[PDB]
Amino acid sequence: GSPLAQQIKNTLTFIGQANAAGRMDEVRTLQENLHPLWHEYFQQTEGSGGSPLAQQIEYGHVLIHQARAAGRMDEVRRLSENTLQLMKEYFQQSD
Amino acid sequence: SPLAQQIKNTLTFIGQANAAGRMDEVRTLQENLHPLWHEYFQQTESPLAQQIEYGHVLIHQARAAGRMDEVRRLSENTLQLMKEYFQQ
Ligand SMILES: C[C@H](C(=O)O)c1ccccc1
Ligand SMILES: [Cl-]
Ligand SMILES: [Cl-]
Ligand SMILES: [Cl-]
Ligand SMILES: [Mg+2]
Ligand SMILES: [Mg+2]
Ligand SMILES: [Zn+2]
Ligand SMILES: [Zn+2]
Ligand SMILES: [Zn+2]
Ligand SMILES: [Zn+2]
């Protein structure tokens with residue numbers, strides 16, 4: 001995988017441990033640490049022609065920002081879990 | 001507000017990187033500044049603040065679409081608005 005892929009993969013389990021446990025400030029810290037690095041990757045790898053899987057992950061991210069802004073923590077947690085599970089699998093397709 | 005202060009610090013870091021031509025760092029710092037703005041806004045939320053919040057929303061949507069022309073345009077605009085917000 002590209003070096004940015006290896007970098008992203010390293011943080012994914014920890015985001016899900018935090019989210020599952022309802023450590024929502026930790027989930028947000030870890031996501032925000034990831035934000036520039038997922039976007040750099042997504043631009044280089046997916047661009048304006050993302051696969052439906054990659055695009056669903058990135059739409060999840062957009063919708064996480066919107067939920068968090070609205071304080072809708074139920075949606076922050078649900079979207080974070082679903083988006084994480086898809087990202088983990090996206091980064092395994094070469095497996 | 002230490003969030004305000006981090007933002008101010010990051011704005012300066014951006015101007016230092018841009019003076020050196022460290023453009024990957026500029027773009028990275030601009031992206032660090034997105035969640036940090038939202039945290040600030042969600043802690044203090046002015047019309048200008050609201051325009052900055054929308055600028056980040058729109059940058060994100062443009063990036064998700066691959067409209068890097070719009071990412072570039074909106075980022076430039078939003079950066080200036082933040083500088084102005086913290087210059088009052
Ligand atoms: C996970 C969530 C949903 O299940 O509603 C979702 C919908 C559309 C795009 C991304 C995520
Ligand atoms: Cl984030
Ligand atoms: Cl956003
Ligand atoms: Cl963004
Ligand atoms: Mg590791
Ligand atoms: Mg798997
Ligand atoms: Zn984000
Ligand atoms: Zn995104
Ligand atoms: Zn945002
Ligand atoms: Zn961003």
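First the proteins, then the strands, lettered A, B, ... as listed; each starts at 1.
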Check the hydrophobic clustering (I, L, V, M, F, W, Y; side-chain heavy atoms under 4.5 Å; chains of links allowed) and say if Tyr59(A) and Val76(A) are grouped together. no
Treating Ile, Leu, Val, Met, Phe, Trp and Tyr as nodes and any side-chain heavy-atom pair under 4.5 angstrom as an edge, say whether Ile14(B) and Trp37(B) lie in one connected cluster. yes
Should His35(A) and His38(B) be marked as a ring pair (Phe, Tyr, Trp, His ring centres under 6.0 Å) after you check the CA-CA gap, both sets of side-chain angles, and the distance that decides it? CA-CA 13 Å; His35(A) 182 108; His38(B) 286 324; 8.2 Å; no
Does some side-chain heavy atom of [Y] sit less than 4.5 Å from a side-chain heavy atom of [X]?
X: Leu30(A); Y: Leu34(A); result: no
X: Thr12(B); Y: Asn9(B); result: no
X: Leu84(A); Y: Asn19(A); result: no
X: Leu53(A); Y: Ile57(A); result: yes

Pairs involving residues 5-25 of chain A, ordered by first then second residue, that meet ring-ring contact (aromatic ring centres under 6.0 Å, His included) (sequence neighbours left out): none
All side-chain hydrogen bond (donor to acceptor under 3.5 Å, both in side chains) counterparts of [X], not counting sequence neighbours:
X: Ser75(B); result: none
X: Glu75(A); result: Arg78(A)
X: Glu32(A); result: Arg28(A)
X: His56(B); result: none

For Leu63(A), what are the other residues in its hydrophobic cluster, where any two members join if their side-chain heavy atoms are less than 4.5 angstrom apart? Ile64(A), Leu79(A)
From [X] atom [atom1] to [Y] atom [atom2], the distance as rounded to the nearest 0.5 Å:
X: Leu48(B); Y: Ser46(B); atom1: CG; atom2: OG; answer: 5.0 Å
X: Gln31(A); Y: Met24(A); atom1: CD; atom2: CE; answer: 7.0 Å
X: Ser2(A); Y: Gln7(A); atom1: OG; atom2: CD; answer: 8.0 Å

Taking only residues two or more places apart in sequence, or in another chain, which ones meet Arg77(A) in a salt bridge (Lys or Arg N to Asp or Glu O under 4.0 Å)? none
Minimum heavy-atom separation for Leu12(A) and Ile8(A), please, with both atom names. CG-O, 3.4 Å
Option passing side-chain contact (heavy atoms from CB on, under 4.5 Å) with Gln56(A) (candidates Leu86(A), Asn82(A), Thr83(A)): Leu86(A)
Salt bridge (charged side-chain N to carboxylate O under 4.0 Å, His left out) partners of [range], not counting sequence neighbours, each pair once:
range: residues 81-95 of chain A; value: none
range: residues 4-23 of chain B; value: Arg22(B)-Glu25(B)
range: residues 35-45 of chain A; value: none

Do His60(B) and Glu58(A) have side-chain atoms, one donor and one acceptor, less than 3.5 Å apart? yes
Is the side chain of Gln87(B) donor-acceptor paired with the backbone N or O of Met82(B) at a distance under 3.5 Å, no angle test? no
side-chain contact (heavy atoms from CB on, under 4.5 Å) involving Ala54(A) - partner list, sequence neighbours excluded: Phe42(A), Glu46(A), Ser51(A), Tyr90(A)
Does CD in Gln17(A) sit with more than 12 non-hydrogen atoms of other residues, nucleotides or ligands closer than 6.0 Å? no
Sequence-distant partners of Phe86(B), ring-ring contact (aromatic ring centres under 6.0 Å, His included), two or more places apart: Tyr40(B)
